file work14.cif (mmCIF, C-alpha atoms)
data_model
#
loop_
_atom_site.label_atom_id
_atom_site.label_comp_id
_atom_site.auth_asym_id
_atom_site.auth_seq_id
_atom_site.Cartn_x
_atom_site.Cartn_y
_atom_site.Cartn_z
CA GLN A 1 22.54 16.47 -8.55
CA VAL A 2 21.54 19.98 -7.46
CA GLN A 3 21.02 20.26 -3.71
CA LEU A 4 17.48 21.11 -2.63
CA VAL A 5 16.63 23.88 -0.19
CA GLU A 6 16.15 22.82 3.43
CA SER A 7 15.48 24.41 6.81
CA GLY A 8 17.62 22.15 8.99
CA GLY A 9 19.01 18.66 8.51
CA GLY A 10 21.82 16.24 9.17
CA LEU A 11 22.68 14.11 12.19
CA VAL A 12 20.10 13.98 14.97
CA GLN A 13 20.68 15.50 18.40
CA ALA A 14 19.89 14.23 21.88
CA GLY A 15 16.79 15.63 23.56
CA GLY A 16 14.36 18.17 22.15
CA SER A 17 13.16 17.79 18.58
CA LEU A 18 14.30 18.68 15.07
CA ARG A 19 11.95 19.75 12.26
CA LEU A 20 13.76 17.88 9.51
CA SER A 21 12.64 19.21 6.14
CA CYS A 22 13.59 19.24 2.46
CA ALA A 23 12.32 21.16 -0.55
CA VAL A 24 9.93 19.26 -2.79
CA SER A 25 9.80 19.38 -6.59
CA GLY A 26 6.22 20.69 -6.69
CA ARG A 27 5.26 24.26 -5.82
CA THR A 28 2.24 25.13 -3.65
CA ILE A 29 1.14 21.47 -3.88
CA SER A 30 1.04 19.29 -0.76
CA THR A 31 -0.08 16.05 -2.49
CA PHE A 32 3.34 14.41 -2.29
CA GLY A 33 5.19 11.99 -0.05
CA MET A 34 8.69 12.04 1.39
CA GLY A 35 11.37 9.66 2.62
CA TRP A 36 14.33 10.26 4.95
CA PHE A 37 16.10 6.90 4.67
CA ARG A 38 19.89 7.15 4.75
CA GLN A 39 21.97 4.50 2.98
CA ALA A 40 25.34 3.43 4.35
CA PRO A 41 27.30 0.20 4.96
CA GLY A 42 26.91 -1.59 8.28
CA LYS A 43 24.09 -2.14 10.74
CA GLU A 44 24.15 1.46 12.05
CA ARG A 45 20.82 2.33 10.46
CA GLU A 46 17.35 2.92 11.91
CA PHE A 47 13.97 2.94 10.19
CA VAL A 48 12.50 6.38 9.49
CA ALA A 49 8.80 7.16 9.21
CA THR A 50 7.38 7.72 5.73
CA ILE A 51 4.53 9.97 4.57
CA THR A 52 2.17 8.83 1.83
CA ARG A 53 0.94 10.94 -1.08
CA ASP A 54 -2.59 11.16 0.33
CA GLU A 55 -1.13 12.49 3.63
CA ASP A 56 -4.23 11.34 5.57
CA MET A 57 -2.17 8.54 7.16
CA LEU A 58 0.91 9.80 9.00
CA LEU A 59 4.09 7.86 9.77
CA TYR A 60 4.28 4.11 10.44
CA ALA A 61 2.46 4.69 13.75
CA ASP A 62 -0.75 5.83 12.00
CA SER A 63 -2.58 9.10 12.65
CA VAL A 64 -4.02 7.68 15.89
CA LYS A 65 -0.82 8.65 17.74
CA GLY A 66 1.00 10.79 15.15
CA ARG A 67 0.75 14.50 14.42
CA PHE A 68 -0.06 16.35 11.21
CA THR A 69 2.96 16.99 9.00
CA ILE A 70 3.02 20.35 7.21
CA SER A 71 3.71 20.00 3.49
CA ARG A 72 2.63 23.40 2.11
CA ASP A 73 4.54 26.68 2.03
CA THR A 74 4.42 30.04 0.26
CA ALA A 75 8.04 31.07 -0.38
CA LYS A 76 9.16 27.52 -1.25
CA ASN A 77 7.13 24.32 -0.96
CA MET A 78 8.55 22.16 1.82
CA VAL A 79 7.66 19.19 4.02
CA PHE A 80 8.02 19.30 7.82
CA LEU A 81 8.45 16.16 9.92
CA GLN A 82 8.85 15.61 13.67
CA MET A 83 11.62 13.30 14.87
CA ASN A 84 11.09 10.87 17.75
CA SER A 85 13.72 10.04 20.34
CA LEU A 86 16.56 8.00 18.84
CA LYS A 87 20.18 7.14 19.54
CA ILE A 88 22.62 9.91 18.67
CA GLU A 89 25.01 7.43 17.03
CA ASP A 90 24.96 7.79 13.25
CA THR A 91 27.35 7.06 10.38
CA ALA A 92 25.28 7.49 7.19
CA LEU A 93 25.80 10.42 4.85
CA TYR A 94 23.14 13.14 4.62
CA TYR A 95 22.27 14.65 1.24
CA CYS A 96 19.07 16.71 0.91
CA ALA A 97 18.65 16.71 -2.87
CA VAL A 98 16.13 15.52 -5.46
CA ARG A 99 14.70 12.20 -4.32
CA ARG A 100 15.44 9.17 -6.50
CA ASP A 101 11.93 7.75 -5.95
CA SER A 102 8.59 9.53 -6.34
CA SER A 103 6.06 6.68 -5.96
CA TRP A 104 5.76 7.15 -2.22
CA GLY A 105 3.72 4.57 -0.34
CA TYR A 106 2.95 2.88 2.98
CA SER A 107 5.51 0.10 2.51
CA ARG A 108 8.11 -0.58 5.21
CA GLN A 109 10.75 -2.64 3.37
CA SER A 110 10.95 0.13 0.77
CA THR A 111 13.95 2.43 1.12
CA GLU A 112 15.04 5.71 -0.43
CA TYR A 113 17.80 4.04 -2.45
CA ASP A 114 19.86 0.86 -2.53
CA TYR A 115 23.34 2.32 -3.08
CA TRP A 116 24.95 5.44 -1.62
CA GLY A 117 25.72 8.72 -3.34
CA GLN A 118 27.33 12.13 -3.14
CA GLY A 119 26.95 13.77 0.25
CA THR A 120 28.67 15.08 3.34
CA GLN A 121 31.03 12.62 5.04
CA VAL A 122 30.05 13.63 8.58
CA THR A 123 30.27 10.68 10.97
CA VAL A 124 30.36 10.31 14.75
CA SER A 125 30.72 6.51 14.89
CA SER A 126 34.10 5.57 13.38
CA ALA Q 344 -2.42 -21.46 8.51
CA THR Q 345 -4.25 -23.62 5.92
CA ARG Q 346 -3.40 -24.73 2.37
CA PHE Q 347 -0.49 -22.34 1.85
CA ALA Q 348 3.24 -22.47 1.15
CA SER Q 349 6.15 -20.15 0.35
CA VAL Q 350 6.54 -17.96 -2.74
CA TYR Q 351 7.51 -21.00 -4.83
CA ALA Q 352 4.10 -22.56 -4.07
CA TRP Q 353 1.83 -19.73 -2.87
CA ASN Q 354 -1.95 -20.12 -2.97
CA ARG Q 355 -4.12 -18.20 -5.44
CA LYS Q 356 -7.72 -17.19 -4.77
CA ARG Q 357 -10.34 -14.67 -5.85
CA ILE Q 358 -13.95 -14.30 -4.66
CA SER Q 359 -16.35 -11.59 -3.50
CA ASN Q 360 -17.06 -13.36 -0.21
CA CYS Q 361 -15.08 -11.58 2.53
CA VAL Q 362 -11.67 -10.15 3.42
CA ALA Q 363 -9.01 -12.10 5.28
CA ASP Q 364 -8.05 -11.38 8.89
CA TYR Q 365 -5.36 -8.82 7.92
CA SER Q 366 -7.93 -6.01 8.29
CA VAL Q 367 -8.19 -6.55 12.07
CA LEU Q 368 -5.35 -4.06 12.52
CA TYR Q 369 -7.06 -1.66 10.07
CA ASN Q 370 -9.49 -0.36 12.72
CA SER Q 371 -7.45 1.20 15.55
CA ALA Q 372 -3.91 -0.28 15.26
CA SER Q 373 -3.10 0.29 11.59
CA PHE Q 374 0.65 -0.38 11.70
CA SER Q 375 2.90 -0.52 8.62
CA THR Q 376 1.82 -4.14 8.07
CA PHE Q 377 -0.35 -2.94 5.16
CA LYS Q 378 2.67 -2.25 2.95
CA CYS Q 379 1.37 -0.07 0.11
CA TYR Q 380 3.61 1.24 -2.67
CA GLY Q 381 2.72 4.39 -4.61
CA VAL Q 382 -0.74 4.64 -3.02
CA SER Q 383 -2.14 4.85 0.50
CA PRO Q 384 -4.41 2.22 2.09
CA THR Q 385 -7.15 4.85 2.37
CA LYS Q 386 -7.35 5.15 -1.42
CA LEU Q 387 -8.37 1.48 -1.46
CA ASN Q 388 -11.70 2.31 0.19
CA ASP Q 389 -12.51 5.05 -2.33
CA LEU Q 390 -11.47 2.93 -5.32
CA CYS Q 391 -9.70 -0.35 -6.07
CA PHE Q 392 -7.21 -1.64 -8.63
CA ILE M 197 -20.14 -9.56 -18.93
CA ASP M 198 -16.95 -7.46 -18.62
CA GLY M 199 -15.10 -10.52 -17.36
CA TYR M 200 -17.64 -11.28 -14.60
CA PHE M 201 -19.34 -14.66 -14.97
CA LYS M 202 -22.62 -14.66 -13.04
CA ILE M 203 -24.68 -17.70 -12.05
CA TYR M 204 -28.34 -17.43 -11.02
CA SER M 205 -30.53 -20.21 -9.67
CA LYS M 206 -34.02 -20.94 -8.36
CA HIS M 207 -35.79 -24.09 -7.18
CA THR M 208 -39.55 -24.62 -7.32
CA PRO M 209 -41.43 -27.84 -6.45
CA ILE M 210 -43.68 -29.03 -9.28
CA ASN M 211 -45.68 -32.03 -10.51
CA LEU M 212 -45.31 -32.49 -14.27
CA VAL M 213 -44.70 -35.21 -16.85
CA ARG M 214 -43.69 -33.20 -19.94
CA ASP M 215 -43.01 -29.61 -20.97
CA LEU M 216 -42.22 -26.70 -18.66
CA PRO M 217 -44.84 -25.34 -16.23
CA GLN M 218 -46.60 -21.98 -16.25
CA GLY M 219 -46.24 -19.22 -13.66
CA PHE M 220 -43.47 -16.78 -12.81
CA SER M 221 -40.42 -17.22 -10.58
CA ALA M 222 -37.44 -14.90 -10.24
CA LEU M 223 -33.90 -16.30 -10.12
CA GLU M 224 -32.00 -15.02 -7.10
CA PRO M 225 -28.27 -14.39 -7.65
CA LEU M 226 -26.03 -17.29 -6.65
CA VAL M 227 -22.37 -16.32 -7.14
CA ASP M 228 -20.25 -13.99 -9.29
CA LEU M 229 -17.13 -15.51 -10.86
CA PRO M 230 -14.42 -12.97 -11.82
CA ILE M 231 -12.58 -15.57 -13.89
CA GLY M 232 -12.69 -13.42 -17.02
CA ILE M 233 -12.07 -16.30 -19.44
CA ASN M 234 -13.31 -16.09 -23.02
CA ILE M 235 -16.49 -18.14 -23.39
CA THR M 236 -17.91 -19.41 -26.69
CA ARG M 237 -19.58 -22.80 -26.05
CA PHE M 238 -20.83 -24.92 -23.16
CA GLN M 239 -21.83 -28.50 -22.39
CA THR M 240 -23.92 -30.29 -19.78
CA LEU M 241 -22.91 -33.03 -17.34
CA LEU M 242 -25.26 -35.91 -16.49
CA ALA M 243 -25.05 -38.97 -14.27
CA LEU M 244 -25.05 -42.31 -16.10
CA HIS M 245 -25.63 -45.70 -14.49
#
call {"tool": "encode", "arguments": {"input": "work14.cif", "output": "structure tokens"}}
result
Amino acid sequence: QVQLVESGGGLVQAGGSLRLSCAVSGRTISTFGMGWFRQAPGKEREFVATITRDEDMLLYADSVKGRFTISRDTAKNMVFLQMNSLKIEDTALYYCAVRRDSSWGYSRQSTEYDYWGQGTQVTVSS
Amino acid sequence: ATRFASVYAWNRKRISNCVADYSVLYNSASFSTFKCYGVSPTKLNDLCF
Amino acid sequence: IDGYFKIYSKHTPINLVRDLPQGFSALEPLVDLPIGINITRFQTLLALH
């Protein structure tokens, strides 16, 4: 698959914040969702907040405590998300490409994909 | 907690009487409990399935 | 209609021996049944001693 444009991604870093983002298929349209789930063997995986198509409801914590996520851009449509404090340990591959699922929703058990795929083999666990 | 079982014996109902207690969290503590796929819970208010 | 079975009812005290009475009385809605089952005939149930 062809890699999609991004403005920063990969393993998280301690302290501060990272505006994880990935280019979306649509252009100048913000009525789309997004998912940042990373698939990899083992228990070294943490749930990641999801954004619905409507965009009125933000993250699994609801808009009551969340912050608006930018999903519109001029040069290239992109989605911006804010990352909460999490453990630096990570072992799953990162591949910002075309998403395998487009029916974004508010579900929690739902994941980006079941199996793994092509991507960078960066790991800081083992 | 009444007249219910697992997936093999779930209970089936339909009536325009009320909504079960799951909407308690849908006022100020709307967690991911309302697992919606493809659509957002807000769209339910505007229109239904 | 459109899969919605509606039942209306109304009770009115009377004093008659034969035939229906005169007057007007609206039938307030009772309950809407979204069973959506094809309907073509019906029968009545009575209590027999």
call {"tool": "closest_residue", "arguments": {"input": "work14.cif", "among": "Q:388, Q:376, Q:359, Q:383", "to": "chain M", "atoms": "only C-alpha atoms"}}
result
Q:359
call {"tool": "interface_residues", "arguments": {"input": "work14.cif", "of": "chain Q", "to": "chain M", "cutoff": "12 Å", "atoms": "only C-alpha atoms", "output": "MDAnalysis selection string"}}
result
chainID Q and resid 356:360
call {"tool": "closest_residue", "arguments": {"input": "work14.cif", "among": "A:26, A:105, A:15, A:8", "to": "residue 386 in chain Q", "atoms": "all atoms listed in the file"}}
result
A:105
call {"tool": "interface_residues", "arguments": {"input": "work14.cif", "of": "chain Q", "to": "chain A", "cutoff": "12 Å", "atoms": "only C-alpha atoms", "output": "PyMOL selection string"}}
result
chain Q and resi 368-387+389
call {"tool": "write_last_selection", "arguments": {"input": "work14.cif", "atoms": "C-alpha atoms", "output": "mmCIF file, in the frame of the given file"}}
result
data_model
loop_
_atom_site.group_PDB
_atom_site.id
_atom_site.type_symbol
_atom_site.label_atom_id
_atom_site.label_comp_id
_atom_site.auth_asym_id
_atom_site.auth_seq_id
_atom_site.Cartn_x
_atom_site.Cartn_y
_atom_site.Cartn_z
ATOM 1 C CA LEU Q 368 -5.350 -4.060 12.520
ATOM 2 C CA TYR Q 369 -7.060 -1.660 10.070
ATOM 3 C CA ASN Q 370 -9.490 -0.360 12.720
ATOM 4 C CA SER Q 371 -7.450 1.200 15.550
ATOM 5 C CA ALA Q 372 -3.910 -0.280 15.260
ATOM 6 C CA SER Q 373 -3.100 0.290 11.590
ATOM 7 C CA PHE Q 374 0.650 -0.380 11.700
ATOM 8 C CA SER Q 375 2.900 -0.520 8.620
ATOM 9 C CA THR Q 376 1.820 -4.140 8.070
ATOM 10 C CA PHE Q 377 -0.350 -2.940 5.160
ATOM 11 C CA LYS Q 378 2.670 -2.250 2.950
ATOM 12 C CA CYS Q 379 1.370 -0.070 0.110
ATOM 13 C CA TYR Q 380 3.610 1.240 -2.670
ATOM 14 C CA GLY Q 381 2.720 4.390 -4.610
ATOM 15 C CA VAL Q 382 -0.740 4.640 -3.020
ATOM 16 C CA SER Q 383 -2.140 4.850 0.500
ATOM 17 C CA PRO Q 384 -4.410 2.220 2.090
ATOM 18 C CA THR Q 385 -7.150 4.850 2.370
ATOM 19 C CA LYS Q 386 -7.350 5.150 -1.420
ATOM 20 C CA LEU Q 387 -8.370 1.480 -1.460
ATOM 21 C CA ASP Q 389 -12.510 5.050 -2.330
#
call {"tool": "residues_near_point", "arguments": {"input": "work14.cif", "point": "(-36.1, -14.9, -12.1)", "cutoff": "9 Å", "atoms": "all atoms listed in the file", "output": "list in words"}}
result
residues 204, 205, 206, 220, 221, 222, 223 and 224 of chain M
call {"tool": "atom_distance", "arguments": {"input": "work14.cif", "atom1": "CA of residue 35 in chain A", "atom2": "CA of residue 112 in chain A"}}
result
6.2 Å
call {"tool": "atom_distance", "arguments": {"input": "work14.cif", "atom1": "CA of residue 201 in chain M", "atom2": "CA of residue 239 in chain M"}}
result
15.9 Å
call {"tool": "atom_distance", "arguments": {"input": "work14.cif", "atom1": "CA of residue 3 in chain A", "atom2": "CA of residue 95 in chain A"}}
result
7.6 Å
call {"tool": "closest_residue", "arguments": {"input": "work14.cif", "among": "A:58, A:14, A:97, A:86", "to": "residue 36 in chain A", "atoms": "only C-alpha atoms"}}
result
A:97
call {"tool": "axis_aligned_box", "arguments": {"input": "work14.cif", "around": "range 364-373 of chain Q", "padding_each_side": "4 Å", "output": "JSON"}}
result
{"center_x": -6.3, "center_y": -5.1, "center_z": 11.7, "size_x": 14.4, "size_y": 20.6, "size_z": 15.6}
call {"tool": "resolve_selection", "arguments": {"input": "work14.cif", "expression": "the PyMOL selection byres ((chain A and resi 40) around 6)", "output": "ChimeraX atom specification"}}
result
/A:39,41,92
call {"tool": "residues_around", "arguments": {"input": "work14.cif", "residues": "residue 2 in chain A", "least_positions_apart": "4", "cutoff": "12 Å", "atoms": "all atoms listed in the file", "output": "list in words"}}
result
residues 23, 25, 95, 96, 97, 98, 99, 118 and 119 of chain A
call {"tool": "write_last_selection", "arguments": {"input": "work14.cif", "atoms": "C-alpha atoms", "output": "PDB file, keeping the file's coordinate frame"}}
result
ATOM      1  CA  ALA A  23      12.320  21.160  -0.550  1.00  0.00           C
ATOM      2  CA  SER A  25       9.800  19.380  -6.590  1.00  0.00           C
ATOM      3  CA  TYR A  95      22.270  14.650   1.240  1.00  0.00           C
ATOM      4  CA  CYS A  96      19.070  16.710   0.910  1.00  0.00           C
ATOM      5  CA  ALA A  97      18.650  16.710  -2.870  1.00  0.00           C
ATOM      6  CA  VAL A  98      16.130  15.520  -5.460  1.00  0.00           C
ATOM      7  CA  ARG A  99      14.700  12.200  -4.320  1.00  0.00           C
ATOM      8  CA  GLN A 118      27.330  12.130  -3.140  1.00  0.00           C
ATOM      9  CA  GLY A 119      26.950  13.770   0.250  1.00  0.00           C
TER      10      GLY A 119
END
call {"tool": "residues_around", "arguments": {"input": "work14.cif", "residues": "residue 19 in chain A", "least_positions_apart": "3", "cutoff": "12 Å", "atoms": "only C-alpha atoms", "output": "number ranges by chain"}}
result
A: 6-10, 12-13, 16, 22, 69-70, 78-84
